[PDB]
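What follows is the content of start15.cif, which has mmCIF, N, CA and C atoms:
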```cif
data_my_file
loop_
_atom_site.group_PDB
_atom_site.id
_atom_site.type_symbol
_atom_site.label_atom_id
_atom_site.label_comp_id
_atom_site.auth_asym_id
_atom_site.auth_seq_id
_atom_site.Cartn_x
_atom_site.Cartn_y
_atom_site.Cartn_z
ATOM 1 N N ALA Z 1 172.463 -47.897 71.500
ATOM 2 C CA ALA Z 1 172.778 -46.769 72.415
ATOM 3 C C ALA Z 1 172.958 -47.262 73.825
ATOM 4 N N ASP Z 2 173.716 -46.481 74.639
ATOM 5 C CA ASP Z 2 173.966 -46.828 76.025
ATOM 6 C C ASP Z 2 174.765 -48.106 76.088
ATOM 7 N N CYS Z 3 175.466 -48.454 74.981
ATOM 8 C CA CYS Z 3 176.270 -49.664 74.943
ATOM 9 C C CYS Z 3 175.398 -50.855 75.211
ATOM 10 N N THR Z 4 174.238 -50.949 74.530
ATOM 11 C CA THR Z 4 173.367 -52.078 74.741
ATOM 12 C C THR Z 4 173.714 -53.143 73.739
ATOM 13 N N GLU Z 5 174.400 -52.760 72.637
ATOM 14 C CA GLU Z 5 174.769 -53.730 71.633
ATOM 15 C C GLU Z 5 176.263 -53.691 71.451
ATOM 16 N N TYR Z 6 176.909 -52.565 71.834
ATOM 17 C CA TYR Z 6 178.341 -52.445 71.673
ATOM 18 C C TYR Z 6 179.035 -53.357 72.647
ATOM 19 N N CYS Z 7 178.470 -53.523 73.859
ATOM 20 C CA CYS Z 7 179.105 -54.368 74.837
ATOM 21 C C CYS Z 7 178.046 -54.790 75.806
ATOM 22 N N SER Z 8 178.320 -55.872 76.568
ATOM 23 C CA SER Z 8 177.364 -56.367 77.535
ATOM 24 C C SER Z 8 177.149 -55.322 78.597
ATOM 25 N N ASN Z 9 178.233 -54.625 79.008
ATOM 26 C CA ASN Z 9 178.108 -53.616 80.036
ATOM 27 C C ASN Z 9 177.377 -52.438 79.454
ATOM 28 N N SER Z 10 176.379 -51.920 80.208
ATOM 29 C CA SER Z 10 175.615 -50.788 79.743
ATOM 30 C C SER Z 10 176.281 -49.558 80.279
ATOM 31 N N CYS Z 11 176.450 -48.536 79.414
ATOM 32 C CA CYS Z 11 177.107 -47.322 79.837
ATOM 33 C C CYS Z 11 176.298 -46.151 79.367
ATOM 34 N N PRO Z 12 175.347 -45.724 80.166
ATOM 35 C CA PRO Z 12 174.516 -44.579 79.818
ATOM 36 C C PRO Z 12 175.290 -43.291 79.831
ATOM 37 N N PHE Z 13 176.467 -43.310 80.489
ATOM 38 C CA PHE Z 13 177.303 -42.136 80.572
ATOM 39 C C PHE Z 13 178.145 -42.046 79.323
ATOM 40 N N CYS Z 14 178.116 -43.101 78.481
ATOM 41 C CA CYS Z 14 178.938 -43.117 77.289
ATOM 42 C C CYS Z 14 178.417 -42.127 76.286
ATOM 43 N N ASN Z 15 177.092 -41.864 76.282
ATOM 44 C CA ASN Z 15 176.544 -40.936 75.316
ATOM 45 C C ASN Z 15 176.859 -39.525 75.746
ATOM 46 N N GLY Z 16 177.569 -39.370 76.887
ATOM 47 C CA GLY Z 16 177.922 -38.056 77.359
ATOM 48 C C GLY Z 16 179.262 -37.692 76.787
ATOM 49 N N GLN Z 17 179.854 -38.589 75.963
ATOM 50 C CA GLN Z 17 181.143 -38.305 75.379
ATOM 51 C C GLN Z 17 181.025 -38.541 73.896
ATOM 52 N N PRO Z 18 181.777 -37.777 73.129
ATOM 53 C CA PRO Z 18 181.766 -37.885 71.677
ATOM 54 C C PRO Z 18 182.538 -39.058 71.144
ATOM 55 N N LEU Z 19 183.408 -39.663 71.981
ATOM 56 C CA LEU Z 19 184.193 -40.785 71.529
ATOM 57 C C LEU Z 19 183.593 -42.021 72.121
ATOM 58 N N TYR Z 20 183.391 -43.059 71.277
ATOM 59 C CA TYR Z 20 182.813 -44.293 71.752
ATOM 60 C C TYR Z 20 183.879 -45.354 71.764
ATOM 61 N N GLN Z 21 184.934 -45.188 70.936
ATOM 62 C CA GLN Z 21 185.987 -46.179 70.876
ATOM 63 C C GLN Z 21 186.753 -46.195 72.175
ATOM 64 N N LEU Z 22 187.028 -45.011 72.753
ATOM 65 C CA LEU Z 22 187.789 -44.971 73.980
ATOM 66 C C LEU Z 22 186.844 -45.029 75.146
ATOM 67 N N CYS Z 23 185.530 -44.913 74.882
ATOM 68 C CA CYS Z 23 184.571 -44.907 75.958
ATOM 69 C C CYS Z 23 183.977 -46.277 76.132
ATOM 70 N N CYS Z 24 183.245 -46.774 75.122
ATOM 71 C CA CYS Z 24 182.573 -48.045 75.269
ATOM 72 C C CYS Z 24 183.508 -49.193 75.009
ATOM 73 N N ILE Z 25 184.224 -49.153 73.876
ATOM 74 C CA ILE Z 25 185.077 -50.260 73.510
ATOM 75 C C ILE Z 25 186.223 -50.407 74.479
ATOM 76 N N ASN Z 26 186.855 -49.295 74.919
ATOM 77 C CA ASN Z 26 188.000 -49.433 75.798
ATOM 78 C C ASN Z 26 187.640 -49.248 77.256
ATOM 79 N N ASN Z 27 187.097 -48.074 77.649
ATOM 80 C CA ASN Z 27 186.830 -47.830 79.060
ATOM 81 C C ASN Z 27 185.758 -48.747 79.618
ATOM 82 N N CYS Z 28 184.589 -48.860 78.947
ATOM 83 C CA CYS Z 28 183.517 -49.687 79.486
ATOM 84 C C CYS Z 28 183.905 -51.137 79.509
ATOM 85 N N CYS Z 29 184.557 -51.640 78.439
ATOM 86 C CA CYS Z 29 184.919 -53.044 78.417
ATOM 87 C C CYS Z 29 186.364 -53.177 78.035
ATOM 88 N N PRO Z 30 187.248 -53.005 78.998
ATOM 89 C CA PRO Z 30 188.686 -53.112 78.761
ATOM 90 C C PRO Z 30 189.093 -54.459 78.243
ATOM 91 N N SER Z 31 190.074 -54.481 77.319
ATOM 92 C CA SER Z 31 190.525 -55.734 76.768
ATOM 93 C C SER Z 31 192.000 -55.569 76.393
#
```
If you convert what's in this file into structure tokens, what do you get?
Amino acid sequence: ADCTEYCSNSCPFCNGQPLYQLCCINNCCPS
């Protein structure tokens, strides 16, 4: 949770959205 394992960057605001692919994978850690 909070992108603690999904990506190095922590995103506590990510759990405020239902989508994690466009939130954590894309927005939090663009690639």
#### Entry: Picked residues, the PyMOL selection byres (((chain Z and resi 2 and name CA) around 9) and name CA), as JSON, numbers by chain
{"Z": [1, 3, 4, 5, 6, 9, 10, 11, 12, 13, 14, 15, 24]}
What does the file look like for those residues with N, CA and C atoms, as a compact mmCIF listing (two decimals), in the coordinates of the input?
```txt
# COMPACT_ATOMS: atom_id res chain seq x y z
N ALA Z 1 172.46 -47.90 71.50
CA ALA Z 1 172.78 -46.77 72.42
C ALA Z 1 172.96 -47.26 73.82
N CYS Z 3 175.47 -48.45 74.98
CA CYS Z 3 176.27 -49.66 74.94
C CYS Z 3 175.40 -50.86 75.21
N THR Z 4 174.24 -50.95 74.53
CA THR Z 4 173.37 -52.08 74.74
C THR Z 4 173.71 -53.14 73.74
N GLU Z 5 174.40 -52.76 72.64
CA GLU Z 5 174.77 -53.73 71.63
C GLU Z 5 176.26 -53.69 71.45
N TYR Z 6 176.91 -52.56 71.83
CA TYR Z 6 178.34 -52.44 71.67
C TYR Z 6 179.04 -53.36 72.65
N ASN Z 9 178.23 -54.62 79.01
CA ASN Z 9 178.11 -53.62 80.04
C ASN Z 9 177.38 -52.44 79.45
N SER Z 10 176.38 -51.92 80.21
CA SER Z 10 175.62 -50.79 79.74
C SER Z 10 176.28 -49.56 80.28
N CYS Z 11 176.45 -48.54 79.41
CA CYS Z 11 177.11 -47.32 79.84
C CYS Z 11 176.30 -46.15 79.37
N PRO Z 12 175.35 -45.72 80.17
CA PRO Z 12 174.52 -44.58 79.82
C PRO Z 12 175.29 -43.29 79.83
N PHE Z 13 176.47 -43.31 80.49
CA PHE Z 13 177.30 -42.14 80.57
C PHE Z 13 178.14 -42.05 79.32
N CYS Z 14 178.12 -43.10 78.48
CA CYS Z 14 178.94 -43.12 77.29
C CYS Z 14 178.42 -42.13 76.29
N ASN Z 15 177.09 -41.86 76.28
CA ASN Z 15 176.54 -40.94 75.32
C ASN Z 15 176.86 -39.52 75.75
N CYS Z 24 183.24 -46.77 75.12
CA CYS Z 24 182.57 -48.04 75.27
C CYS Z 24 183.51 -49.19 75.01
```
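Coordinates place atom C of residue 31 (chain Z) at a distance of 19.7 Å from atom C of residue 18 (chain Z).
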### Query
Rounded to one decimal in Å, what is the spacing between atom N of residue 29 (chain Z) and atom C of residue 7 (chain Z)?
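One can read the atom N of residue 29 (chain Z) to atom C of residue 7 (chain Z) distance as 7.7 Å.
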## Note on the structure
atom N of residue 28 (chain Z) sits from CA of residue 16 (chain Z) at a separation of 12.8 Å
